[PDB]
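# Summary of the model geometry
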Amino acid sequence: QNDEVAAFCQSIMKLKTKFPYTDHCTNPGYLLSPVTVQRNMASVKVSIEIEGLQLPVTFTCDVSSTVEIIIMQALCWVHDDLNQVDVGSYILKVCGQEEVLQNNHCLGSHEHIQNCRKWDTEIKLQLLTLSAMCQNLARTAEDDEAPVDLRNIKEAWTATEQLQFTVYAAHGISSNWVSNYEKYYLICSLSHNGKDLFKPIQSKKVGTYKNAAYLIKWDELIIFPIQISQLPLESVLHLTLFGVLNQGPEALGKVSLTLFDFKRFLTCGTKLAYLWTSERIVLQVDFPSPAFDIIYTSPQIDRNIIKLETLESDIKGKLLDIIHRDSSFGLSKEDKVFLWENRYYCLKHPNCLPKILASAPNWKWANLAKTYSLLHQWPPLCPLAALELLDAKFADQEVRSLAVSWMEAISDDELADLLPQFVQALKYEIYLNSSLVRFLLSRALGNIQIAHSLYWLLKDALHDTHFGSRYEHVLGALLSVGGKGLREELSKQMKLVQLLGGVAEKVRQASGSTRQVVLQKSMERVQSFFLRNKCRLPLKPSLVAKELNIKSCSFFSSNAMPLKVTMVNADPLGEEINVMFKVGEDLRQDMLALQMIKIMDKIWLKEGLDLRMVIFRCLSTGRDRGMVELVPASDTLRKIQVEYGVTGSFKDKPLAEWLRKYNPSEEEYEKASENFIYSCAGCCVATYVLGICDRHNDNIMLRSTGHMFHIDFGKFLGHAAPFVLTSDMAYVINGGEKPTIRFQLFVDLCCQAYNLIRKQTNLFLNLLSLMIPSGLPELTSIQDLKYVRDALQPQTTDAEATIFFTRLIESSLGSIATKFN
Ligand SMILES: COc1ccc2c(nc(NC(=O)c3cccnc3)[n+]3cc[nH]c23)c1OC
């Protein structure tokens, strides 16, 4: 490993040379305000603070205007002609946030702008020079110049020797194990493309060695029915150890060994594998040690230029029908063989290549040359299509290297929200240095939001017992390549987390009578933290916390007694920072739900549909702890049904008369009811496809502006009414007791949104598949994907699916449904 780690480090030094501290482009030292590209890009009021004016300039801008001309519009408000001012020196930042608007994007493209439009809040920007902008994260000269720290040959295709090895012993057995388990046995599996090449082979069952209670010795020769010549390069040996109790056999751990190392030489001699439990056991497997090294050599390059062949009508449609099929998922043995033989007819449909490689007969060394020949003349995939080619199913380095090269197309703003899936895809790279990890590190270098998100994702990946060692090295490389400025702020953030994690444990372990006092006392350590530190908020590092507002800090009076942490902004131009910190629940299930809901919002906005969706952030800092964004001026349905329940018992009125008290005027209420119609549609569609079946009045939330959203994603991909519309919901939508065209608008929005997710079925299956190895309780295998596919009714028309969802809505309405048509 020491050799692979050395070459990785020499590769990363070479990567840093492409990102000098001089280039402001890739080394800005500030976060970029995120953008999601929205169609038809309406006007807005923006408020810009200018250097030397007592009040900010407040004017109307076209949402379609680039930030560049917005900056200049703002300069025209103080300057007559702009031949005296250097406009290229100026930037716009969000007020209270170390975030810079991207010049060449529409004002309306920016996440912050469309959030302000949703809530109807003042758009407050600040105009200033690059010179004036906080750049305390930027890489220095020191950073670039600093290092990075975290005899004969026989070609394999000629090697006819049987793959065999001796499973010798495991050393360092616990006192715990000697009591429980009588004998132990290994189950040896050979795998490539995430699938077993043969039946797994079981070791003999042996106890601890005579006069040695810490050592199990098998000294057993395992022989597979395969030759080194038949081994794919990315072939992996898996050894799962089992303890048979004395007084079913029990899985104690698993090691993986790559039969070829990162230099393509076959594993030879004694190799040591470390499997963890809580404690470190050492497994010794002895490989043959011939007089000669064996090296894997790919087949010689096959140069061909294929395009006019036999064109037959009937089968041309059965190919087109398969090409245009929703996804590769569940494709029959016959459809694979048919597509495979017609693969060279599919060169004007790039995004189907994953279906072609999934329909390969095998990955035998002989047949690789003609697969490689296809790939290198194949047209570039769209980045989201190529995600599939980084999954378990495709181990081949040429396939994955191409998949990454096509991915270079993707924007930083699109990549930002896809990172969790990319981090998990590292588990399908057998080698440490790889096209993928270099892509991720390179994107983090050139963008601070990506580096920041990678840090927290990689820190969450460490806790994996099998892949913890791999992620340790990748995090190390990120932190090293990040520079001093970044590392120090990340350390500050990591400290604030541990302290808040500390306070929340202390708060919960306290009694009901003393809990409030324990919080007030426990917050002394974070009080002290801030006296010697200004710290960026981990959930949104554009927000700088200067001080803690101790009198506003509280516990939410729920199980898990979550903290409400109120913090003062280091920017007077900014607002207070309110955020939840919770301990006990694993938040990663919630993070995925929110990710999937956020990608649906992005898909809809890319086709002109805005369903006014509430998109809040959730960060898993440690195992079973993290920060959750607090949406202001919102309450659970139940709290509202309960608070109106005291005045009247009409039951149609609670939501309606709740929205009126905050939206009193006729145009104010109508808008809030419209916000509800659009937000409810998105929520209904998201509820059904993602299979969040466990919704109730404490689960559903409602913002005072009328926007509806989910919060507790306890149930996910439920399998076994999908959503529920109550009378009070129907009342707000209709605007009265009887059905209106507003309910027809609601029905159209649902069905339209539903169809736009169906056209992206493959993306949603790829995004959930890549989160299988992350070990979430409700997502362990491809069968969990089938539900979601089955919900999206593939190979049915938009018109056929509109009737299916319309009947889901009518079904949801319950007994009131009879009143509607
Ligand atoms: C008054 O109580 C709340 C107002 C807003 C809240 C809010 N709670 C929120 N979060 C949650 O309920 C939650 C639970 C489990 C995993 N993720 C989020 N949450 C997320 C976004 N906004 C809000 C209030 O808490 C009851």
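X-ray crystallography is the method the PDB entry states for this structure, with the resolution given as 2.6500 Å.

All chains considered together, the criterion is met by 30 salt bridges. For the salt bridge of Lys671 with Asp120, the shortest nitrogen-to-oxygen distance reads 3.2 Å. Put simply, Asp635 and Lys639 hold a salt bridge, and the shortest N to O gap is 3.6 Å. Judged by relative accessible area, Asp635 falls into the partly exposed class, the value being 21%. We classify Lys639 as partly exposed; its relative accessible area is 37%. Taken together, the shared-partner salt bridges connect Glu111, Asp417, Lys598 and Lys602 into one network.

Relative placement of two packed helices is described by the angle separating their axes and the distance separating the axes. Between helix α14 (residues 435–445) and helix α15 (residues 448–461), the shortest axis-to-axis distance is 6 Å and the interhelical angle comes to 125°. As far as their axial angle goes, α15 and α14 are oblique. Along the contact surface, α14 presents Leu440, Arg443 and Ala444, while α15 presents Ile448, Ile450, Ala451 and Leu454. Classifying every residue of the contact of α14 with α15 gives 6 nonpolar, no polar and 1 charged.

Moving on, we come to the sheet that holds strand β26 (residues 700–703). Strands sit in the order β25-β26-β27 across an open sheet of 3 strands; the sheet is antiparallel. The open sheet has two free edges, formed respectively by β25 (634–636) and β27 (708–710), since each of these has just one partner strand. With direction set aside, neighbouring strand axes in the sheet form an average angle of 30°. Here β25 pairs with β26 via 3 bridges, running antiparallel. Each bridged residue has a counterpart across the sheet, and for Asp635 the counterpart in β26 is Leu702. Contacting β26 and β27, helix α23 (residues 666–689) runs over the sheet at an angle of about 25° to β27.

Looking at the protein chain, the domain boundaries give domain 1 (24–141), domain 2 (153–295), domain 3 (313–485) and domain 4 (589–819). The gap between the C-alpha centroids of domain 1 and domain 3 is 36 Å. Taken together, the contacts link 12 residues of domain 1 with 9 residues of domain 3. In terms of surface lost to domain 3, no three residues of domain 1 exceed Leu31, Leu137 and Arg139, which account for 51% of the buried area on that side. In this assembly, domain 1 and domain 3 are joined by 0 salt bridges. Put simply, domain 1 and domain 3 have 2 residue pairs in polar contact between them. For the side of domain 1 that touches domain 3, a count of residues per class yields 7 nonpolar, 4 polar and 1 charged.

The subject of this paragraph is α14. Most of α14 sits out of view: 9 of its 11 residues are buried. In this structure, the buried residues of α14 make contact with α1 (2–16), α11 (397–407), α12 (412–416), α13 (419–425), α15 and α16 (468–482).

Criteria and cut-off values
- Residues numbered from 1 in each chain as written, not as in the entry; some residues may be left out.
- Heavy atoms only, no water.
- Residues with missing side-chain atoms left out of burial classes, pairs and counts.
- Salt bridge = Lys/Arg side-chain N within 4 Å of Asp/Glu carboxyl O.
- Buried < 20%, exposed > 50% of the residue type's maximum accessible area, 1.4 Å probe, protein only.
- Axes fitted to C-alpha atoms, helices over the stretch in contact; angles between N-to-C directions.
- Helix = DSSP H or I, 4+ residues; strand = E, 2+ residues; numbered from the N terminus.
- Parallel < 35°, antiparallel > 145°, perpendicular 65-115°, else oblique.
- Contact = heavy atoms within 4.5 Å.
- Nonpolar A, V, L, I, M, F, W, Y, C, P; charged D, E, K, R; others polar.
- Pairing = 2+ DSSP bridges.
- Domains from an automatic or database assignment.
- Buried area = accessible area lost by both parts, 1.4 Å probe.
- Polar contact = N/O pair within 3.5 Å; in protein donor to acceptor, adjacent residues only side chain to side chain.

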